[PDB]
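# Observations on the model geometry
Listed below, chain by chain, are the residues.
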Amino acid sequence: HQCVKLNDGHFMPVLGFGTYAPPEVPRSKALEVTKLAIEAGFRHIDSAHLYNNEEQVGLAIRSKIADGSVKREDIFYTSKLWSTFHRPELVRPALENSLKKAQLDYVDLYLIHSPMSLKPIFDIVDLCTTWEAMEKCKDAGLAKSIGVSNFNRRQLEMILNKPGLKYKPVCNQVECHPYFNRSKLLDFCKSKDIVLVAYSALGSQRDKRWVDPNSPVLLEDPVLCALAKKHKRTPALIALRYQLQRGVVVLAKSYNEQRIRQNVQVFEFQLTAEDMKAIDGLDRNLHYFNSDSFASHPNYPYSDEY
Ligand SMILES: NC(=O)c1ccc[n+]([C@@H]2O[C@H](COP(=O)([O-])OP(=O)(O)OC[C@H]3O[C@@H](n4cnc5c(N)ncnc54)[C@H](OP(=O)(O)O)[C@@H]3O)[C@@H](O)[C@H]2O)c1
Ligand SMILES: CNC(=O)c1cccc(S(=O)(=O)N2CCc3ccccc3C2)c1
């Protein structure tokens, strides 16, 4: 186990369970694998309105509460505001709908899923107004903590320098792995008392809608394989452990009972400085999400990478 204290005083488990599966996977699987993740030791569960699974995920959590395994307060459940609901008047009802789907009274964490506003086809919205609406959700107790996702440094500073800012984002959940390690952004986050949460920490699910299949497969990397042999673990476990040692909170999606249980072994071993340096050397500006649908968005996060 372990947690990090967020800048609002609440605590977030450093390993999280990724609940996203594509639509060819039946919705009943999300129920089954979330129970298995909880049984394995996961206490941080990551969902979203977009994932069309919140009823299954909440039910998995409610059912592990009902059978005595955990208490509500032992679970860190995250959901996310989808990009068609950035207009400030849409934020609280979107959150209320997510809680009804999950049949929960509050989320531990609510995030702005993306800065790339879409029309309720792109939209123009002052994300600072979105953020104010997020702060009122926290004041109301709908969300214990509030944060952002897919923000670059500039987008984060906009929020941080907002006149009358009441609550800082507790985190920024972003694509992060050995091929796109986000070092500078991570330093910026640490400087501001903001946690970086890694998604696609295992190389993404390589969905054809968003990911070039020609792209290298992170988990076949020769340095990750060589480190997995050295420690007698697996490339996945090397990738997750790398994140914990750099101060990143790391997600891990698996819908496989074996791999779900394996991923919690991240707490059972440690990498050396030289191992960390070798993994650092893999960085190569490779974001797996790489689509026309977003590359030309006015608020695309990766156009400040230069
Ligand atoms: N904020 C956003 O915009 C955003 C974007 C992407 C993802 N997310 C969140 O981040 C979560 C995780 O990222 P992701 O969905 O891209 O997947 P990921 O965590 O990078 O995992 C990718 C693939 O790795 C496999 N895997 C898991 N453990 C493994 C192991 N020990 N050994 C070999 N393979 C293993 C899984 O396949 P199997 O299922 O077959 O095990 C999975 O499909 C998502 O589920 C979602 O909660 C958020
Ligand atoms: C688990 N899948 C998701 O959370 C997800 C799926 C589709 C789209 C999005 S997103 O937040 O609009 N996404 C994330 C960031 C990104 C970066 C470059 C190009 C496209 C995108 C799109 C997230």
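Residues numbered from 1 in each chain as written, not as in the entry; some residues may be left out. Chains lettered and ligands numbered in written order. Heavy atoms only, no water. Residues with missing side-chain atoms left out of burial classes, pairs and counts.

Our working rule: UniProt positions are given in the numbering used here, feature names are shortened, and annotations may be inferred rather than shown by experiment.
Per the PDB entry, the protein chain goes by Aldo-keto reductase family 1 member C3 and derives from Homo sapiens. What the PDB record gives as the title of this entry is "Crystal structure of human 17beta-hydroxysteroid dehydrogenase type 5 in complex with 3-((3,4-dihydroisoquinolin-2(1H)-yl)sulfonyl)-N-methylbenzamide (80)". Its UniProt record gives the protein chain a comment under Pathway, which states: "Steroid metabolism." The protein chain has a UniProt comment under Sequence similarities that states "Belongs to the aldo/keto reductase family."

## Quick look at helix α7 (residues 222-231)
Rules: We define a polar contact as two N or O atoms separated by no more than 3.5 Å, with the added condition that, inside protein, one atom must be a possible hydrogen donor and the other a possible acceptor, whereas residues neighbouring each other in sequence contribute only through side-chain atom pairs. For the purposes of this entry, the term helix denotes a DSSP run of H or I that reaches at least four residues, the term strand denotes a run of E that reaches at least two, and both are numbered from the N terminus.
Two to three positions downstream of the cap, the backbone nitrogen of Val 223 sits 2.8 Å from a side-chain oxygen, assigning the N-cap of α7 to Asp 221. Downstream of α7 by one or two residues, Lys 232 has phi in the positive range, about 50°.

## A few points about the layout of surface pockets
The following threshold applies: Cavity: a set of points on a 1 Å grid over the protein atoms alone where a 1.4 Å probe fits but cannot get out. Pocket: an open set with protein on both sides within 12 Å along at least five of seven lines, its lining residues, like those of a cavity, having an atom within 4 Å of a point. Grid points are joined across faces, edges and corners, and a volume is the space filled by probe spheres set on the points. For this classification, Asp, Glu, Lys and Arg are treated as charged, while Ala, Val, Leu, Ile, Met, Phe, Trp, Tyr, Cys and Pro are nonpolar and the rest, including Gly, are polar.
Space inside the largest pocket adds up to approximately 1,200 Å³. Lining the largest pocket are 47 residues, and of these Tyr 199, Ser 200, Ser 204, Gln 205 and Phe 289 lie nearest its centre. Elements supplying a minimum of two residues to the lining of the largest pocket: β10 (249-253), α9 (257-263) and α11 (292-295). By residue class, the composition of the lining of the largest pocket is 23 nonpolar, 18 polar and six charged.

## Thoughts on the UniProt feature "binding site: substrate" in the protein chain
Under the convention used in this document: Every residue pair with non-hydrogen atoms within 4.5 Å of one another is taken to be in contact.
Within this numbering scheme, the UniProt entry marks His 113 as carrying the feature "binding site: substrate". Relative to the elements of secondary structure, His 113 occurs in the loop between β6 (107-112) and α4 (127-139). Every residue in contact with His 113, bar those within four places of it in the chain, is listed here: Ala 48, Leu 50, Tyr 51, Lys 80, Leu 81, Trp 82, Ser 149 and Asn 150.

## Some thoughts on the environment of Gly 58
With respect to the helices and strands, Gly 58 occurs in helix α2 (residues 54-66). A C-alpha to C-alpha distance of 6.9 Å links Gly 58 and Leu 104, two positions 46 residues apart in sequence.

## Side note on the packing of α7 against helix α8 (residues 235-245)
The condition is simple: Only the stretch in contact is used when fitting a helix axis, every axis being a line fitted to C-alpha atoms; angles between N-to-C directions are given from 0 to 180 degrees. Roughly parallel covers angles under 35 degrees, roughly antiparallel covers those over 145, roughly perpendicular covers 65 to 115, and oblique covers all other angles.
Viewed as axis vectors pointing N to C, α7 and α8 meet at an angle of 95°, and their least axial separation amounts to 8 Å. Judged on the interaxial angle alone, α8 and α7 are roughly perpendicular. Residues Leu 224, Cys 225, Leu 227, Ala 228 and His 231 of α7 lie in contact with α8, whose contacting residues are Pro 235, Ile 238 and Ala 239. Of the residues that constitute the contact of α7 with α8, the class distribution is seven nonpolar, one polar and no charged.

## Some thoughts on the sheet that holds β10
To be explicit about the condition: The rule for pairing is simple: two strands pair if DSSP sees at least two bridges between them.
Strand order in the closed barrel formed by eight strands is β3-β4-β5-β6-β7-β8-β9-β10, and the pairing between neighbours is parallel. Between one strand axis and the next, the sheet turns by 30° as a mean value, whatever way the strands run. As judged from the two bridges shared by strand β9 (residues 195-199) and β10, these two strands associate in the parallel manner. Its bridge partner lying in β10, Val 197 is registered against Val 249.

## Remarks on the pattern of salt bridges
Spelled out, the test is: For this analysis, a salt bridge means a side-chain nitrogen from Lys or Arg found within 4 Å of a carboxyl oxygen belonging to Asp or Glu. Each residue is placed in one exposure class: buried if its accessible area under a 1.4 Å probe, protein chains only, is under 20% of its type's maximum, exposed if it is over 50%, and partly exposed if it falls in between.
Throughout the structure, instances matching the rule amount to 16 salt bridges. Between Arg 182 and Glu 305 there is a salt bridge; the shortest N-O distance is 3.9 Å. With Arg 182 in the loop between β8 (171-175) and α6 (183-191) and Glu 305 in the segment after α11, this pair connects stretches of sequence that are 123 residues apart. Classification of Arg 182 by relative accessible area gives buried; the value is 8%. The network of salt bridges with common partners includes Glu 39, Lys 64 and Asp 67.

## So, the site of ligand 1
The condition that has to hold: What makes a residue near a molecule or strand is one non-hydrogen atom of that residue sitting within 4 Å of it. Only the protein chains shown count as covering a residue, and every accessible area follows the Shrake-Rupley method with a 1.4 Å probe. Pocket or cavity membership: a molecule qualifies when more than half of its atoms sit within 2 Å of the grid points of that site.
Ligand 1 sits among 29 residues. The nearest are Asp 46, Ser 200, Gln 205, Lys 253 and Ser 254. Within the side chain of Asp 46, a nitrogen or oxygen atom sits 2.7 Å from an oxygen atom of ligand 1. Its free accessible area being 910 Å², ligand 1 has 86% of it covered by the protein chains. For ligand 1, the cavity whose grid points lie within 2 Å of the majority of its atoms is the largest pocket. When residues of the shell around ligand 1 are traced back to their parent elements, those giving at least two are β10 and α9.

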